[PDB]
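> Okay, here's the structure, questions in a sec.
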Amino acid sequence: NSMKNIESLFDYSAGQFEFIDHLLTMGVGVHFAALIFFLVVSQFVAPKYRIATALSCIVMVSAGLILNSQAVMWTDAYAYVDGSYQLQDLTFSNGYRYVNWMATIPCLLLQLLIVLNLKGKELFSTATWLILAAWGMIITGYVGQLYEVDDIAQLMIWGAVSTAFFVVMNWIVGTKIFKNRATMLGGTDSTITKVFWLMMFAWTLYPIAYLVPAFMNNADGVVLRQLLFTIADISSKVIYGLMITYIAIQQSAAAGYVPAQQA
Ligand SMILES: CCCCCCCC/C=C\CCCCCCCC(=O)OC[C@H](O)CO
Ligand SMILES: CCCCCCCC/C=C\CCCCCCCC(=O)OC[C@H](O)CO
Ligand SMILES: *C\C=C(C)/C=C/C=C(C)/C=C/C1=C(C)CCCC1(C)C
Ligand SMILES: CCCCCCCC/C=C\CCCCCCCC(=O)O
Ligand SMILES: CCCCCCCC/C=C\CCCCCCCC(=O)O
Ligand SMILES: CCCCCCCC/C=C\CCCCCCCC(=O)O
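Quick note: the sequence shown, position 219, residue 217 per PDB author numbering, numbers continuous.
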């Protein structure tokens, strides 16, 4: 599965290779550092919204484990031989990120629907359609990147299908946001709209990294992809979770929950 990604096609200078290593290991620290934050502030969240901060904790560990896994796979697969790091074993692939997205994405959507104050039949119903839409997006995206070396044509086609799901997923999310923001407390009706636009931006970096094989097929394209993934992870998971947390607390305060009001 690794011989199918462009990471296996190139040698890397010590600078390119250590930069990629430091990106992944930094992501681990950021994610686990934020996990502690979400764990601490959970006590300041009303039971109605407390599940939202817990799903962030799940996202943080899910991300940190796979970034940690990627970092160790990166240093196992390459060895500095004759002035460059060269592939040794076949143990590094990006497919492990797509497995991470399969898990974290439902949690990210869930935490959104919860602070939107959906409940009951609508929560279950809206969650089912979004998760299925997201899984169709992720799965077709995973199949396309298997061809990122061999058949760029198939990458583009599977990329097109994946984007169809992505567009439908966003129209559902946005529609639920704009039709349910008048229900949000403490002024969080204004914050949620900005969260939606934070999503649009952060999530759109992924398909751009997905296309790096097609417009920058060299060792600097590999660095660029990881840099885009790192920016995207931090905004779609950390910053997004922080703002979800703030909305969960603000509404808890406006709802009379004392620990939130005292914070
Ligand atoms: C031909 C080969 C087979 C191709 C097969 C894939 C093509 C269908 C792709 C997208 C349709 C998505 C439409 C399904 C979503 C409609 C339901 C929905 O979105 O409901 C949300 C609602 O707002 C919550 O209550
Ligand atoms: C790969 C080939 C396929 C490419 C074709 C892509 C077409 C892009 C069109 C729309 C994007 C929709 C973005 C979703 C933004 C949601 C806006 C929204 O939800 O509308 C407001 C709401 O309905 C009020 O209640
Ligand atoms: C870590 C959190 C999130 C939300 C990751 C999201 C990933 C996407 C929105 C990926 C999208 C793709 C598209 C739209 C088409 C090319 C294939 C991708 C799966 C990379
Ligand atoms: C088709 C794949 C299955 C996906 C189905 C998604 C299931 C989601 C179900 C409801 C989410 C409920 C969230 C947990 C309870 C918190 C709600 C609350 O107490 O306010
Ligand atoms: C772990 C549960 C996986 C979810 C399965 C149910 C939802 C699937 C959603 C869309 C399926 C898209 C079809 C992808 C299969 C074709 C790719 C291939 O050739 O193998
Ligand atoms: C993730 C992006 C989703 C959108 C993908 C856009 C689809 C691009 C459209 C096709 C342009 C024509 C493709 C040219 C042929 C290239 C394949 C080949 O080299 O054999």
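Quick reminder that beta carbons are idealized off the backbone N, C-alpha and C, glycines included.
Verify whether the separation of the beta carbon atoms of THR89 and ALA69 is less than 8 Å.
Not closer than 8 Å, so no.
> If you follow the beta strand (DSSP E) that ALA77 is part of, which residue opens it and which one closes it?
76 to 78 is the extent of the beta strand (DSSP E) around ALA77.
> Using the three-state DSSP reduction, which class does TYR145 fall into: helix, strand or coil?
In this structure, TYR145 counts as coil in the three-state DSSP scheme.
> For ligand 3, list every residue whose C-beta falls under 6 Å from any of its heavy atoms, going in chain order.
The filter returns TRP99, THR102, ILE103, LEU106, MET135, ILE136, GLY139, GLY157, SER160, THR161, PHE164, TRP201, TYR204, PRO205, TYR208, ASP231, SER234 and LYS235, in chain order.
> State yes or no: is the C-beta of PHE17 nearer than 7 Å to some heavy atom of ligand 2?
Result no, Cβ not under 7 Å from ligand 2.
> Report buried or exposed for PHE15, applying the criterion of at least 16 other Cβ atoms within 10 angstroms of its Cβ.
Buried, because 16 or more other Cβ atoms sit within 10 Å of the Cβ of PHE15.
> For the candidate residues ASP9, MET214 and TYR140, whose alpha-carbon lies nearest to that of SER91?
That would be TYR140, whose Cα lies nearest to the Cα of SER91.
> So who's on the other strand from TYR10, going by DSSP bridges?
Paired residue(s): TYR83.
> Quick check: the region 240 to 248 against the region 33 to 43, are at least 3 beta-carbon pairs closer than 8 Å?
Touching, yes, given that three or more Cβ pairs across the two stretches are closer than 8 Å.
> Assuming contact is defined by CB atoms lying nearer than 8 Å, are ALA61 and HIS29 in contact in what I supplied?
Yes. Within cutoff.
> Quick one, which of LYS117, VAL171, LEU22 and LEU128 has its alpha-carbon nearest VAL193's?
The shortest Cα separation from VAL193 among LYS117, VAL171, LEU22 and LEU128 belongs to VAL171.
> Where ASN115 and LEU222 are concerned, what is the direct C-alpha to C-alpha distance, given to the nearest angstrom?
Straight-line Cα distance between these residues: approximately 39 Å.
> Report back the beta-carbon spacing between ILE136 and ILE103 to the nearest angstrom; my notes put them in contact at under 8 Å.
Confirmed, Cβ separation roughly 7 Å.
> Can you tell me whether DSSP reads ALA61 as helix, strand or coil?
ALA61 falls in the helix class under three-state DSSP.
> Indicate whether the contact test is met: 3 or more Cβ pairs, each with one atom in the region 158 to 171 and one in the region 119 to 139, closer than 8 Å.
A contact exists between the region 158 to 171 and the region 119 to 139.
> Counting C-beta neighbours from all protein chains within 10 Å, is the total for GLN259 16 or more, i.e. buried, or is it exposed?
By the neighbour-count rule (16 or more Cβ atoms within 10 Å), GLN259 is not buried but exposed.
> When you compare the CB positions of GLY25 and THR186, do they come within less than 8 Å of one another, or not?
No, the Cβ-Cβ distance between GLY25 and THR186 is not below 8 Å.
> Can you tell me where the alpha helix (DSSP H) holding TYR255 begins and where it ends?
First-last for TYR255: undefined, no H or E at that position.
> For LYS119, name the three-state secondary structure that DSSP assigns.
Of the three classes helix, strand and coil, the one that applies to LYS119 here is helix, per DSSP.
> I'd like to know whether the C-beta atoms of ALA125 and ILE242 end up nearer to each other than 8 Å.
Contact flag unset, no.
> Taking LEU65 as the reference, give the member of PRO257, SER250, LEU225 and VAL256 with the closest Cα.
Measuring from the Cα of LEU65, the nearest candidate turns out to be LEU225.
> For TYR78, is the classification buried or exposed, using 16 other Cβ atoms within 10 angstroms of its Cβ as the cut-off for buried?
When all chains shown are included, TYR78 counts as exposed.
> By the three-class DSSP mapping on this structure, what secondary structure does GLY184 have?
Here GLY184 sits in coil by DSSP.
> Quick one, are the C-beta atoms of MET167 and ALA131 less than 8 Å apart?
For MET167 and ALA131, yes; Cβs fall inside 8 Å.
> Cα-Cα, which of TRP99, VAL113 and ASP231 is closest to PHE199?
Looking at the Cα atoms, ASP231 is the closest of the given residues.
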